[PDB]
Amino acid sequence: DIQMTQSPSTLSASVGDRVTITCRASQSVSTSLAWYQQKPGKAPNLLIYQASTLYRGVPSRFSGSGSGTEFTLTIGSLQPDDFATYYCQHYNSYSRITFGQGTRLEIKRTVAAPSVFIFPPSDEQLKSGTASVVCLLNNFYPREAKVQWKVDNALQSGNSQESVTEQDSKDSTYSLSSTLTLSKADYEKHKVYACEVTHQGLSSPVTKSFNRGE
Amino acid sequence: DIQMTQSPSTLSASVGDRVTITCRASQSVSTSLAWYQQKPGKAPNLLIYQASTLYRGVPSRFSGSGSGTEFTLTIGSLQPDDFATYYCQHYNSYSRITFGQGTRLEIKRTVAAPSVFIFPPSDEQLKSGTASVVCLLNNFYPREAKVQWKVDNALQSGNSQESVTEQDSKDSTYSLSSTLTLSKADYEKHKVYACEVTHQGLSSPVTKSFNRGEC
Amino acid sequence: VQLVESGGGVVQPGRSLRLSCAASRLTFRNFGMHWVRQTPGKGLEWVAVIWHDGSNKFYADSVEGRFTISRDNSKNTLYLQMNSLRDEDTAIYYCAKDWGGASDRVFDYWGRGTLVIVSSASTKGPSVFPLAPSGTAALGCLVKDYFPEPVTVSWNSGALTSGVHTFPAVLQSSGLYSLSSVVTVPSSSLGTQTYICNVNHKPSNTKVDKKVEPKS
Amino acid sequence: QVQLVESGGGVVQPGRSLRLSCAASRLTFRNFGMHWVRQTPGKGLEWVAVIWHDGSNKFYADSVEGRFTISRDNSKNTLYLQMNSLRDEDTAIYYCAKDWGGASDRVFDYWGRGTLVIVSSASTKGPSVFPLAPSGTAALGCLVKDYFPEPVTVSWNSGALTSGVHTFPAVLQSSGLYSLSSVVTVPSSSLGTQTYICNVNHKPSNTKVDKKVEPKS
Amino acid sequence: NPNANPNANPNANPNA
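What the entry reports as its method is X-ray crystallography, with 2.534 Å given for the resolution.

1. As for the overall build of chain C
The number of helices and strands found in chain C is zero helices and 19 strands. Taken over the C-alpha atoms alone, chain C extends approximately 70 × 35 × 25 Å along its principal axes.

2. Observations concerning unusual backbone geometry
A negative phi angle is the norm for most residues apart from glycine, just as the trans form is the norm for most peptide bonds. A cis geometry characterises the amide bond from A:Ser7 onward to A:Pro8, with omega recorded as -10 degrees. Following the sequence through the fold, A:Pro8 ends up in the loop between β1 (4-7) and β2 (10-13). With omega at 0 degrees, the peptide bond leading from C:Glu149 into C:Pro150 counts as cis. If you trace the backbone, C:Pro150 turns up in the loop between β13 (136-146) and β14 (152-155). One non-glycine residue, D:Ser85, lies in the positive phi region at around 50 degrees. Take D:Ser85: it is sitting in the loop between β8 (78-83) and β9 (92-99).

3. A closer look at the domain arrangement of chain C
If you check the domain split of chain C, you get domain 1 (2-118) and domain 2 (127-212). Computed from C-alpha coordinates alone, the two centres of domain 1 of chain C and domain 2 of chain C are separated by 37 Å.

4. Quick look at the nonpolar core
By size, the foremost hydrophobic cluster in this structure holds 77 residues, and its most contacted members are D:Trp36 and D:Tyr94. Those residues in contact with D:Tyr94 that sit more than four places away from it in its chain are D:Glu6, D:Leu20, D:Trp36, D:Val37, D:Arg38, D:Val48, D:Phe68, D:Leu81, D:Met83, D:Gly114, D:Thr115 and D:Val117. In this structure, B:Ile2, B:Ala84, C:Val63 and C:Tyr94 belong to the second largest nonpolar core, which totals 74 residues.

5. Let's talk about the state of the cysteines
All names here are of chain C. Under the defined criterion, the tally for this structure stands at eight disulfides over all chains. The disulfide partner of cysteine 21 is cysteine 95, and the S-S distance across this bridge is 2.0 Å. Disulfide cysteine 21-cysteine 95: the torsion about the S-S bond is 55 degrees, which places it as right-handed. One end of the pair, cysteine 21, is in strand β3 (residues 17-24); the other, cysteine 95, is in strand β9 (residues 91-98), and 74 residues separate them in sequence. As far as the burial class goes, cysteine 21 and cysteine 95 line up, both buried. The connectivity of the disulfides in chain D is 1-2, 3-4, where the numbers refer to bonded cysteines in sequence order. Sequence-ordered numbering of the bonded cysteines in chain C yields a pairing of 1-2, 3-4.

6. As for the domain arrangement of chain D
You can read the domains of chain D as domain 1 (3-119) and domain 2 (128-213). Centre-to-centre, using C-alpha coordinates, domain 1 of chain D lies 37 Å away from domain 2 of chain D.

7. Let's talk about the pairing of strand β4 (residues 34-39) of chain D
Residues and elements named next belong to chain D. Of all the six residues making up β4, six are buried; the element is thus mostly covered by neighbouring parts of the structure. Along β4, one buried face is formed by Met34, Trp36 and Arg38 and the opposite face, lined by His35, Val37 and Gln39, is buried too. As paired elements, β4 and strand β5 (residues 45-51) share six bridges and run antiparallel to each other. Bridge pairing in β5 places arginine 38 opposite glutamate 46. Both β4 and β9 contribute to a ladder of six bridges, which runs antiparallel. Each bridged residue has a counterpart across the sheet, and for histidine 35 the counterpart in β9 is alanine 97.

8. Some points on the interface of chain B and chain C
The parts lose accessible area when they come together, and the size of an interface is often stated as this lost area. Counting residues at the interface gives 42 residues for chain B, matched by 40 residues for chain C. Those elements giving two or more residues to the side of chain B that touches chain C turn out to be β4 (33-38), β5 (45-49), β9 (85-90), β12 (115-119), α1 (123-126), β13 (130-140), β16 (160-164) and β17 (174-183) of chain B. Counting residues per element, the side of chain B that touches chain C draws most heavily on β13(B), which supplies six residues. Grouping the constituent residues of the side of chain B that touches chain C by class yields 18 nonpolar, 18 polar and six charged.

9. Observations regarding the environment of B:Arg143
Residue and element names in this part refer to chain B. When you line up the elements, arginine 143 lands in the loop between β13 and β14 (145-151). Judged by its relative accessible area of 35%, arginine 143 is partly exposed. Along the chain, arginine 143 and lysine 39 lie 104 residues apart, while their C-alpha atoms are 18 Å from each other. For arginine 143, the contacting residues outside a window of four places in its chain are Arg104, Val164 and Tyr174.

10. Comments concerning the interface of chain B and chain D
Taken together, the contact between chain B and chain D spans five residues of the former and six residues of the latter. Linking chain B to chain D there are zero salt bridges. Taken together, chain B and chain D are joined by two residue pairs in polar contact. Each residue belonging to the side of chain B that touches chain D can be placed in one class, and the counts come to one nonpolar, two polar and two charged.

11. What to know about the pattern of salt bridges
Taken as a whole and assessed by the stated rule, the structure comprises 24 salt bridges over all chains. Of the charged contacts in the structure, one is a salt bridge between A:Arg96 and D:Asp62, with a shortest N-O distance of 3.8 Å. Of the two residues, A:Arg96 sits in the loop between β9 (85-90) and β10 (103-107) while D:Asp62 sits in the loop between β6 (58-60) and β7 (68-73), which places them in two different chains. Overall, A:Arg96 belongs to the partly exposed group, its relative accessible area being 21%. Here C:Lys144 ties to C:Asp145 by a salt bridge, and the two come within 3.6 Å at their closest N and O atoms. For C:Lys144, a relative accessible area of 5% puts it in the buried group. Shared partners join several salt bridges into a network, and the residues in it are A:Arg56, B:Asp1, B:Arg96 and C:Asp61.

12. A short note on the side chain of C:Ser181
All names here are of chain C. Tracing the chain through its elements places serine 181 in strand β17 (residues 177-186). Side chain to side chain, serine 181 and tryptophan 155 meet in a polar contact 2.8 Å long. A polar atom in the side chain of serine 181 sits 3.4 Å from the side chain of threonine 166. The residues touching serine 181, leaving out its near neighbours within four places in the chain, are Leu139, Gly140, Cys141, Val153, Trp155, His165 and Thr166.

13. A short note on the sheet that holds strand β16 (residues 174-183) of chain A
Residues and elements named next belong to chain A. Spatial strand order, β11-β12-β16-β15: four strands in an open sheet with antiparallel pairing. Whereas interior strands pair on both sides, the edge strands pair on one side only; in this sheet they are β11 (115-119) and β15 (160-164). This sheet shows a mean twist of 15 degrees between the axes of neighbouring strands, independent of strand direction. With five bridges joining them, β11 and strand β12 (residues 130-140) adopt antiparallel strand pairing. Residue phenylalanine 117 lies in a different strand from β12, and its bridge partner there is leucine 136.

14. Concerning the pairing of strand β3 (residues 19-25) of chain A
In summary, the side chains of a regular strand alternate between the two faces of the sheet. Residue and element names in this part refer to chain A. Most of β3 sits out of view: five of its seven residues are buried. Where β1 and β3 come together, four bridges link them in antiparallel fashion. Each residue of the ladder has a partner; that of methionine 4, found in β3, is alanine 25. Here β3 pairs with strand β8 (residues 70-75) via six bridges, running antiparallel. Paired with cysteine 23 across the two strands is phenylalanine 71, which belongs to β8.

Rules of the game
Residues numbered from 1 in each chain as written, not as in the entry; some residues may be left out. Chains lettered and ligands numbered in written order. Heavy atoms only, no water. Residues with missing side-chain atoms left out of burial classes, pairs and counts. Helix = DSSP H or I, 4+ residues; strand = E, 2+ residues; numbered from the N terminus. Domains from an automatic or database assignment. Core = buried A, V, L, I, M, F, W, Y, C linked by side-chain atoms within 4.5 Å. Buried < 20%, exposed > 50% of the residue type's maximum accessible area, 1.4 Å probe, protein only. Contact = heavy atoms within 4.5 Å. Disulfide = S-S within 2.5 Å. Pairing = 2+ DSSP bridges. Nonpolar A, V, L, I, M, F, W, Y, C, P; charged D, E, K, R; others polar. Salt bridge = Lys/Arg side-chain N within 4 Å of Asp/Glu carboxyl O. Polar contact = N/O pair within 3.5 Å; in protein donor to acceptor, adjacent residues only side chain to side chain. Axes fitted to C-alpha atoms, helices over the stretch in contact; angles between N-to-C directions.

Quick look at the structure:
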């Protein structure tokens, strides 16, 4: 099948700005390409078809261009209603329909540094033979945040999972939660448990840390 | 759906000319195409179908041509009865019917510069709470003219509508009206009101002005 | 052949309306029938087609799921049920006879048409404001805030016709129509000749005479 | 207005079948080809199948060829999707979609609300709640672990605490069970005088659990 | 062609 890759996956913008997102196809599709808008909890909505033709009832500030393997959707000047997720879709002859992974259009705001917290596993969870350490990043912007776990000052990998909220409607910030899950026996073979946060709003990397048993 | 686009949108000709208008489709319609004539206040009249078949009763001076994506309607010798708007229409299989936006055939004449008049809002309309300023462009040709409102020489945008008459039948000119409407609050917060008219028959754009509350 | 549309009028948005087209001097059951509408922009657009026996119904993309076409051959009548009407449906609606050829979806006969206006506005009589003249002078009457169309303006009860330009009405953001009517006269006649515009709005039963007098 | 309503979703085990249905209303159903599109938990979109107006032609995505069967019944204005040999990868929201009708354009103008399909070997299990104890603002919260299926709702002090609350989206673990955390930022002044309790609800397991979150000993 | 037109023909002959 044909692979549709959108650029970028998250675009930051303010109301009034002009935004352009890119869609790239692994083989030529000519003009057989459509753009959709989707808002959380709803089905997609058709915006453009045949690369550049506006669907009926769509505001004129949406435009589209391209042919072959590169296409762009453009919003002439953003409105509050235009913050959502956008997918490209091809329907090339003798090629099965595929969609891009989507581009998230978020609201721009000033940089806010995260407040980082670390929580040891509670005493009752250890009694179940499982330990889960939690690293919390509250009300930060922008969305890009690197959380590195370090057990005994040894960088971990593959034993954690991250969960991030959607852009808060009130202050347009994000919140992240990384969960490091270990065995109870593997948890008590180590002393130092720290998570290291790298963000644009911090002059230094901040490290919240605890020592098992304190 | 298929997009029908007609070229040109308006065409000036005189009686006896040979006129051709064109219709281009987004994709091929083979020869599934028709042409209609329409005059103001009346339903359309069938002229041509299947790209080139003359409808019974249509004068033989009409003829259609074209295949696939490009089509033409030709009037061999234009009669005074053929000044109207002409639409193309496709009915290609597996495609919902679409009409072109139309082509208006208009009578040709010499250039005539417009007479420009401006009207301050009446005293009666000021007892209403709304103030309408009107600029009148009288007896001009061709129809393409630009009117611009300047309130305290600040260019105005989006607070005016225009209205164009049909082509006069005595002298074949056009007249245009441009109504700038404000609140009474906004009308009294400014002093100088002007319309500036640009037209082919004018060397420089002529401006008509007035001031609020002054003779 | 004859087609006459009926059922038009003013309807508020979201409401419904049923149009009818009465065919005479024609074997109605033998032909497919269309509905074609024409917006104030003068653009034509096909609405729907029904087969000779209601065997099939096809609709324009913009009305699919809201309009319903139907026919009663025993009465020689075409129907169009319009639901959830939007402002984009305001148009003249013609019923059209399909030509009868197998491969040509063309309309040889049309009805006079019927106008459907989708508007929340109520019937309102116009306010007539004078446009006072400041060798050829210009004066007129500004006919504002009326619904629905049309109004008719005369000058001096019709005795003055030369130089009269009555502009087509324009629809305002308020949902009311408004138009101008002007006349060019000799400036020698400003103090001598009286100029009165006669405005009539039959939906309001309003007749207004407005004297346009010169300005200092 | 055109309306599509999907039905037949739920939680099914891997390797078993499930028939989806989509009822059309206010639409010349027999005039249009119909599609199915699904949305994976990662919000990616995937076209599933298409059927022609008369059902004379059917096509499928390579991922579901031979296991899925699309069909329709024009007399009832209903579209069907027979799913067999279901895998975890088929977990998605399944929309039925109407083909626009443009001859050249395979675009979808009208979509249904979607119906949820969870393919899991896991059984309905209520959540275990553990506290993230706090130790001039402090952060505390609740860890809601190992439940199935979604969703759980988390409140704080029975709804009297809205500000600074963040209930993170659920994450799926390698065990086939879901886990999330909900945290609140509170005044460090308040920890010894005010009590903070989360109120986790898991309706599939008839679970309503509370847990008082106080600083560690 | 899986993306061929799946819809009915609205311009087929509708007459008797």
